[PDB]
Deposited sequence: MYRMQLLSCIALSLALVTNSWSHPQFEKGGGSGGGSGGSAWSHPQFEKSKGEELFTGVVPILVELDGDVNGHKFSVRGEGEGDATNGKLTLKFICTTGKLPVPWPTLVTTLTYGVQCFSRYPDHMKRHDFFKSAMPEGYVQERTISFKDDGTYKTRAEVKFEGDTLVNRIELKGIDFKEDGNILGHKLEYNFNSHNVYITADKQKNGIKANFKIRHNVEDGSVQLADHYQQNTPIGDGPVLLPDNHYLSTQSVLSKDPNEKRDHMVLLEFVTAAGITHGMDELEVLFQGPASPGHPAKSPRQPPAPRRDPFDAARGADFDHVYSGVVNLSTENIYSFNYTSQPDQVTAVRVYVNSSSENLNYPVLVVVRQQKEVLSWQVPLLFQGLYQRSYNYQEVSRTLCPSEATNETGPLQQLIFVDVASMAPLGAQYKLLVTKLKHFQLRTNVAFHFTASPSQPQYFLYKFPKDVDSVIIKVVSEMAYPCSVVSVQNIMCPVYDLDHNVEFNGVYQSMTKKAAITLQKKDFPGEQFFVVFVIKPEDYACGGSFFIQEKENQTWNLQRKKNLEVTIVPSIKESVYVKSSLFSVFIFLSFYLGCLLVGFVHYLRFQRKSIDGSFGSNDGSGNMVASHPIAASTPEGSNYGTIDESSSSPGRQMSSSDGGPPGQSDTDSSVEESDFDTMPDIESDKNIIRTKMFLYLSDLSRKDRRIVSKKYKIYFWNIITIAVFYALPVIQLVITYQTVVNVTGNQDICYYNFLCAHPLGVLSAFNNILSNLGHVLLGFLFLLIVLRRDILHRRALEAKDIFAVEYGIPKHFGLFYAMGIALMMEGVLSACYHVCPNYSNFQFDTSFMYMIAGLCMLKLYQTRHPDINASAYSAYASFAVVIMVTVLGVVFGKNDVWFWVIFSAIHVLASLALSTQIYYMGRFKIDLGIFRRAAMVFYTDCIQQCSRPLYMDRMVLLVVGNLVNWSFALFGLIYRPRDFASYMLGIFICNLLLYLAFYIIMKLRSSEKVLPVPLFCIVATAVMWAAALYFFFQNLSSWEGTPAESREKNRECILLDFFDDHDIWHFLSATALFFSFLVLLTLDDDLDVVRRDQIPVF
């Protein structure tokens, strides 16, 4: 029967009568037309569903109305309105105008007839345009997909899908232009790239991956919300979606950002060179060695698991096309070669460059001291605090190792990797507190085993607390007992000294209270703030004790105190901007994704990598230079606190 587009057809189908409709249309060359078939049935009997068959030249598509979904825990869902887009045939210029015919056959085996309504329409907005936002709606029984053709200049695009509400949750899949299109929840993840989506989704594609420089963006709504961190839930679950296809940054942005990263850090090298030059002009005109290596060994022992894991996770993402596995920022994930997010790795360059600079600065001090000790300078031998540079070498190397470990985490950030980003800073903050204590008490043995053992136990507490003590009121109660007791014990060792000890313990008790009351899910970041607080508290205690003892703070140490405080306040702010959350579902993390802040390449977490290295670098300089005033004062006179 000849039928018209955009015309709603009603009918009753029983065993005897089947209703057939014929739609003929012409597709002009270089023009793609998609036909959407909508059938709905208001029939109580699901024992006798309305069966819809759409036959085209090269394909037959069949479905049933009401569409039934099997839910978790034996939940049943039925969708009375079912809509499908028929795979489009694109006429090349050579083929010419193509006359195509669609047959929509409607049948039912019901003894009394079952009613249905049919609307077949042509999609006027099937093709998606660049930098244009398109708003649409999808349902579990009404999946939608659209066509995008890569423009010549554009060699890569990002697919940004936004929703106002978290649920129902969807799947955004990118597939090549070949029939069939997998737009059902039972085959959508078979082919191509896909992401789970509650509120936001971002898929980055390259032209070389797709033949014909075109793809289909498929939007499938799940009958239930379980895979996307939701409780559950026969009635329309319409999701209002907006999708925009934006070109990615050009290769020039990669060059400008890599140069910027190296240059800000190399600027520090120039600044150290200028200071060194002034001393050279003045000169002409006028806790051990197994520690540098130990930090390496500990880092390598710790790097091996993550690196082996990276391979396997990277493998599974590439094959399955599951962008769910790695918790990238997505909105600012910039790919170089294999790396999905090169920008994250590049941000860790400062840790390596700044850590290296520190080793060179420490070395000059060691070489100069050693030369002075040989010359038997009175000041080198008997004036000032005895100088040991071993912990300083470990600190510099640890900063570099932190950069490498953080970069490894960023190859695939996820639940198995969560610790590695900020963990080595527990070692960095731990080493810095020994250097403070060793300054006055240079008699502390400090075995290599003790560092390795402490790190292992601290990480053991960290990983165990995240996995098994996620939010339990029990775990946080026990941990608060250790935290407070550790603070009491430490305070008595490292420490008006009494008033300072009270302030010192109180800050730790306050932190324990915040943790107990708030129960943060990110125990790794909470554990990190425990080491940062105690590092800054002991550093502040040292400065206060230095002032009460009338010891001076020279301009070079004093500037580093201001820079350390300013950089720590700035770095912590960018640390508190959560752009992805491995504790939640992949769809929940993606709601936190943001467009990146600096040079269109670096996000808030990238700035935290720049500023954490600079804050840690300037913290090293405070320890290195603070007691340089005493170099004139006799060691005998020098007090001990």
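Residues of the deposited sequence lacking C-alpha coordinates, numbered from 1, fall in the stretches 1 to 314, 548 to 556, 610 to 710, 920 to 952.
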